[PDB]
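Only one chain is shown below, in structure tokens, and it's the form deposited in one PDB entry.
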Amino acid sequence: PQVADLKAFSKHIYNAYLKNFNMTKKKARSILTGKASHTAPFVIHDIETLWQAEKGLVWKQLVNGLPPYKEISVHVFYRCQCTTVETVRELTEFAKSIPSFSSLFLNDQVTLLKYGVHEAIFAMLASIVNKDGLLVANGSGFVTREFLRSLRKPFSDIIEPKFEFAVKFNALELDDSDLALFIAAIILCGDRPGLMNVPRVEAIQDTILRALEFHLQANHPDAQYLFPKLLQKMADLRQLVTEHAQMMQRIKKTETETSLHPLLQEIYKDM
């Protein structure tokens, strides 16, 4: 019974994922691996190609509406911020499409998103990343890791750790059906500070985790220790976000000309 019930639950979360996220890992890898297609991403690897891309690629956030221009490294950071906020919106709609998340009182929904979205973002980031760079502009561009490394501190430093995580995470070869459960588990997390109904979120979390371990025995029958490995990645993501927040505190302190989106301010407010 348990195995069957959890299979149904996993399908419902997968559908939530497919309904709400702009890009799947399946579509991202097909673009990254240069699979047969009539278009390839424009490669952004330096100042000239960045400029060409702001001229020639289609961006969800129009450039005129980014904060006023400061310099190349900051401009890149503003593009990072734009896409981060866009992903928070997707994650919010994904979570809302899970009935046991929507049943929670709205204040607990906010607390879970507040403390979970960055972990979920850096996990789902891996889907559009390879060792050489990442997709941007809905897959119409590819920004090289080497170019991101070339930006001045503090902006290069806040980027490279996410590549290090992503390449290791991609070696586990999760697909979108795995990620739907993994991200649902990240968000529905009973450990978040200030939660009102902890036992309820703990129970949901546990249900998602049992669903996940069964999902992996079916979908990845030959992959030994894959479930405990993913529990460790959940732990790892907390540390990655702790780091990230500390780096953001330093950008707020030392980069006073750099504009920080007010939603992200509300997220770091307490951390």
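We call the rigid core the largest set of C-alpha positions that still match within 1.5 Å between the two forms. Residue positions are given as counts along the sequence shown, with the first one as 1.
Chemist: Do a third or more of the other compared PDB entries fail to give coordinates for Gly65?
Modeler: In at least a third of the comparable entries (those modelling both sides of it), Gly65 has no coordinates.
Chemist: Checking the other PDB entries with both flanking residues built, is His215 absent in a third or more?
Modeler: Per the records, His215 is modelled in all the other entries.
Chemist: Between 71-79 and 112-120, which has the higher average C-alpha B-factor in the PDB entry?
Modeler: Comparing 71-79 with 112-120, the higher mean C-alpha B-factor belongs to 71-79.
Chemist: When the Cα temperature factors in the entry are averaged, is it 195-203 or 173-181 that ends up higher?
Modeler: Result: 195-203.
Chemist: From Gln239, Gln246, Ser37, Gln232, pick the one with the largest CA B-factor in the entry?
Modeler: Of the candidates given, the C-alpha B-factor peaks at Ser37.
Chemist: Highest CA temperature factor in the entry: which of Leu209, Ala28, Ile44, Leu62?
Modeler: By C-alpha B-factor in the record, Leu62 ranks first.
Chemist: Among the modelled residues of this chain, does the Cα B factor of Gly190 put it in the lowest, middle or highest third?
Modeler: Tercile = middle for this residue's CA B-factor.
Chemist: Thinking about Cα B factors across the chain, which third does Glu160 belong to?
Modeler: It belongs to the middle third of the chain when residues are ordered by C-alpha B-factor.
Chemist: Taking the values exactly as deposited, rank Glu93 by C-alpha B-factor within its chain and report the matching third: lowest, middle or highest.
Modeler: Its C-alpha B-factor belongs to the middle third of this chain's values.
Chemist: Sorting the chain's modelled residues by C-alpha B-factor, tell me whether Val136 ends up in the lowest, middle or highest third.
Modeler: It falls in the middle third of the chain.
Chemist: Compared with the other modelled residues in the chain, in which third is the CA B-factor of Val167?
Modeler: Lowest third of the chain for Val167's C-alpha B-factor.
Below: the form deposited in another entry, not depicted.
Chemist: Please look at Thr39, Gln239, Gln232, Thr33 and say which one has a C-alpha shift reaching 2 Å or more between the shown form and the other one, core superposed.
Modeler: The one that moves 2 Å or more is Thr39.
Chemist: Relative to the superposed rigid core, does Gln61 relocate between the shown form and the other one - that is, does its Cα move 2 Å or more?
Modeler: It does shift by 2 Å or more.
Chemist: With a change of at least 3 Å, which way does the C-alpha separation between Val74 and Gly65 go in the other entry: closer or farther?
Modeler: Result: closer.
Chemist: Specify closer or farther for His38 and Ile31: how their Cα atoms are spaced in the other entry versus the shown form, given a shift of 3 angstroms or more.
Modeler: Distance between the C-alphas of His38 and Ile31: shorter in the other entry, by 3 Å or more.
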